[PDB]
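Residue numbering restarts at 1 for every chain, and letters A, B, ... go by the order of the sequence lines. Ligands are counted one by one from 1 in listed order, and the atoms in each one are counted from 1 as well. Because only heavy atoms are used, hydrogens play no part in the values below, and waters and symmetry mates are left out as well, while side chains stay in.
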Protein chains: 2
Amino acid sequence: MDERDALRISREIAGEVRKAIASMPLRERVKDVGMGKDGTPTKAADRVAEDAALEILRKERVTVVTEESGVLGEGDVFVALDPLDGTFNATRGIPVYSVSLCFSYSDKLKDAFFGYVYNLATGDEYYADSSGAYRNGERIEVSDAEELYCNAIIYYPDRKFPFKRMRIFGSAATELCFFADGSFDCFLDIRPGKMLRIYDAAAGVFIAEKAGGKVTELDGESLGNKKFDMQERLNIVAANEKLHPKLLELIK
Amino acid sequence: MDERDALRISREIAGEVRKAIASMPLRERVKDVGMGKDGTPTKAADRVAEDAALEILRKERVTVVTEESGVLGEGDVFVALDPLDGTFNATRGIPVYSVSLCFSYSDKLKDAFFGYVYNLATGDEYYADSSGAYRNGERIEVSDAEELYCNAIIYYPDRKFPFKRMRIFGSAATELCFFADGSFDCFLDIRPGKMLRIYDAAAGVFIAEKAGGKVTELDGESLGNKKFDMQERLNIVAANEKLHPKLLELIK
Ligand SMILES: O[C@H]1[C@H](O)[C@@H](O)[C@H](O)[C@@H](O)[C@H]1O
Ligand SMILES: O[C@H]1[C@H](O)[C@@H](O)[C@H](O)[C@@H](O)[C@H]1O
Ligand SMILES: N[C@@H](CC(=O)O)C(=O)O
Ligand SMILES: N[C@@H](CC(=O)O)C(=O)O
Ligand SMILES: N[C@@H](CC(=O)O)C(=O)O
Ligand SMILES: N[C@@H](CC(=O)O)C(=O)O
Ligand SMILES: N[C@@H](CC(=O)O)C(=O)O
Ligand SMILES: N[C@@H](CC(=O)O)C(=O)O
Ligand SMILES: [Mg+2]
Ligand SMILES: [Mg+2]
């Protein structure tokens with residue numbers, strides 16, 4: 001499998017997940033249907049999205065790490081799948097939620113070769129590969145802001161901060177893409193509980209880095225050894241390389 | 001003018017503003033074209049939205065209080081207009097932004113008779129009149145959550161908080177409607193600067209109250225005497241009546 005295969009696979013999944021969600025009334029979407037392998041409820045919207053995606057991934061030689069069904073398959077290519085990132089928004093009709101996929105040549109983030117996040121409500125397509133990062137077929141890059149007085153996505157502000165704007169949209173994969181395309185100047189997840197899982201973050205991280213972003217853990221450490229499994233957790237500090245160290249100092 | 005006139009006028013404005021914005025590429029939307037009477041820049045998207053709305057309101061006997069052009073006309077019915085609430089989102093292609101209208105029989109919020117907020121990206125229509133509050137033609141009401149451990153929209157969290165979720169979407173009028181329809185359990189704007197203007201909040205406040213919500217200033221004081229002018233500022237605490245007093249105690 002190469003990056004072209006991954007793009008093709010991702011686009012087919014996006015199409016099937018989009019069709020499955022769009023036809024589901026909010027009343028149905030919001031229903032709990034079971035307990036996910038991640039230890040949070042699987043909503044009916046989560047279930048239909050994952051089935052749509054797994055139906056396609058099942059044909060490939062991959063090991064899938066996915067929120068609801070856990071680790072599936074035995075292939076050498078690892079796929080971190082979030083079949084519906086932003087479930088709360090989807091069940092409320094708030095148009096920020098997406099399907100997220102990151103493909104790696106091992107079970108570690110450093111061997112990632114493809115990232116894909118598709119907004120299921122708007123049809124916006126973000127992806128990145130060896131040639132760079134894209135939004136709807138157009139090359140993107142992070143902003144060049146150097147000041148802390150900037151436009152920040154942050155989970156969660158717990159003190160007075162110097163930002164120009166703070167936003168929290170409820171879809172980490174999509175929000176990492178808002179940072180990747182320069183819509184926002186930085187993305188932070190500094191929750192002490194360390195809540196982000198590998199499938200929430202992996203594609204967004206890969207896309208943001210291809211777009212020029214510097215993206216690390218809380219203390220500046222590389223995310224390269226983050227594992228494609230259900231147990232992995234992440235804090236994220238993401239910004240261009242001039243802003244990034246200021247962000248690190250800010251949160252000490 | 002009564003509440004049926006106001007509904008008809010609002011729908012006409014929504015249609016015109018919607019097509020004016022939808023046709024404008026992001027790179028055009030984001031351009032500063034002048035200084036607004038509110039003291040913030042008018043973007044091309046703001047100007048185009050406002051001209052569309054004013055062309056319609058010009059035929060009515062109203063005094064309009066609007067963000068970019070200020071106070072216009074001499075009619076006895078006052079209209080607080082935010083031609084595009086969530087301009088930052090609109091210029092970035094983030095689908096949470098709306099046109100907001102509150103109609104009052106004086107220059108005070110207590111004399112409001114109609115509120116209308118239309119999401120320009122999704123086409124969701126929120127309004128309220130003597131018969132109640134509506135989302136896309138269906139009656140809505142606030143949630144009945146009684147615990148602080150709830151789903152909150154809050155500008156801005158500056159300390160550790162007990163919420164289940166915190167969200168900040170960048171469109172106060174629309175966010176007040178997310179609260180009105182029960183999608184979120186409360187809306188708070190507790191920014192010490194007191195940043196909200198009458199046209200940001202008036203329609204959202206009126207819709208939320210019609211939906212059963214209790215909505216007050218920071219100290220629990222009524223919003224009735226808030227004025228339809230450019231100088232007015234608001235902090236907001238909005239929740240059902242069981243949750244509301246707990247929030248008041250929380251933010252001391
Ligand atoms: O998939 C979700 C989503 O990314 C949310 O925005 C984030 O707060 C949660 O931690 C994550 O599980
Ligand atoms: O119209 C805007 C919008 O409602 C934003 O969400 C809010 O943060 C701003 O204060 C307001 O001016
Ligand atoms: N992924 C899209 C196609 C595309 O973005 O080109 C879809 O299948 O709906
Ligand atoms: N969240 C979606 C609702 C849907 O498509 O069912 C939207 O308003 O864009
Ligand atoms: N304002 C809408 C109509 C409606 O809200 O029902 C439009 O003309 O696009
Ligand atoms: N507020 C300005 C500058 C910025 O926030 O980047 C804008 O909307 O473009
Ligand atoms: N501002 C975007 C919102 C969206 O992608 O739906 C637009 O042009 O419609
Ligand atoms: N999924 C949410 C539902 C809600 O907060 O209303 C929960 O854990 O309760
Ligand atoms: Mg998910
Ligand atoms: Mg505005």
Review point. Taking atom types as modelled and ignoring hydrogens, do the side chains of A:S98 and A:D85 form a donor-acceptor contact shorter than 3.5 angstrom?
Key: no
_Is it the case that the side chain of A:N235 and the backbone of A:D189 share a donor-acceptor pair, with hydrogens and angles ignored and the cut-off at 3.5 Å?_
yes
- request: Answer yes when A:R159 and B:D158 have at least one side-chain N-carboxylate O distance shorter than 4.0 Å, and no when they do not.
  value: no
Practice prompt. Classify the ring geometry between A:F114 and A:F103 as parallel (under 30°), tilted (30 to 60°) or perpendicular (over 60°).
Written response: perpendicular
Does any donor atom in the side chain of A:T87 or A:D46 lie under 3.5 Å from an acceptor atom in the other side chain?
-> yes
Is it true that the NZ or CZ of B:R92 lies under 6.0 Å from the centre of B:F88's six-membered ring and within 45 degrees of the ring axis?
-> yes
Near A:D200 (heavy-atom distance under 4.0 Å), the atoms of ligand 1 are 1 (O), 2 (C), 11 (C), 12 (O)
Note: ligand 1 atoms sitting under 4.0 Å from heavy atoms of A:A172 are 3 (C), 4 (O), 6 (O)
Checking A:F184, A:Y155, A:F179 against A:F169 for ring-ring contact (aromatic ring centres under 6.0 Å, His included), the one that qualifies is A:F184
Residue shell for ligand 7, any heavy atom closer than 4.0 Å, reads A:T122, A:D124, B:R29, B:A90, B:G93, B:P95, B:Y97
At under 4.0 Å between heavy atoms, what of A:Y155 touches ligand 1? The answer is side chain
If we number the atoms of ligand 1 from 1 as shown, the ones under 4.0 Å from a heavy atom of A:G170 are 6 (O)
The side chain to side chain donor-acceptor pair (under 3.5 Å) partner of B:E125 among B:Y118, B:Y134, B:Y116 is B:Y116
Would you check the N or O atoms of A:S171, main chain and side chain alike, for any that come under 3.5 Å of an N or O of ligand 1? yes
For B:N151, the atoms of ligand 8 under 4.0 Å from one of its heavy atoms are 4 (C), 5 (O), 6 (O)
Under 4.0 Å between heavy atoms, the region of A:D82 that gets near ligand 1 turns out to be side chain
| query | Between the side chains of A:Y126 and A:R135, does any donor sit under 3.5 Å from an acceptor? | reply | yes
Is the closest heavy atom of A:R191 to ligand 1 under 4.0 Å?
yes
Notebook entry, point to check: Do the side-chain N and O atoms of B:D185 and B:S143 include a donor-acceptor pair separated by under 3.5 angstrom?
Noted result: yes
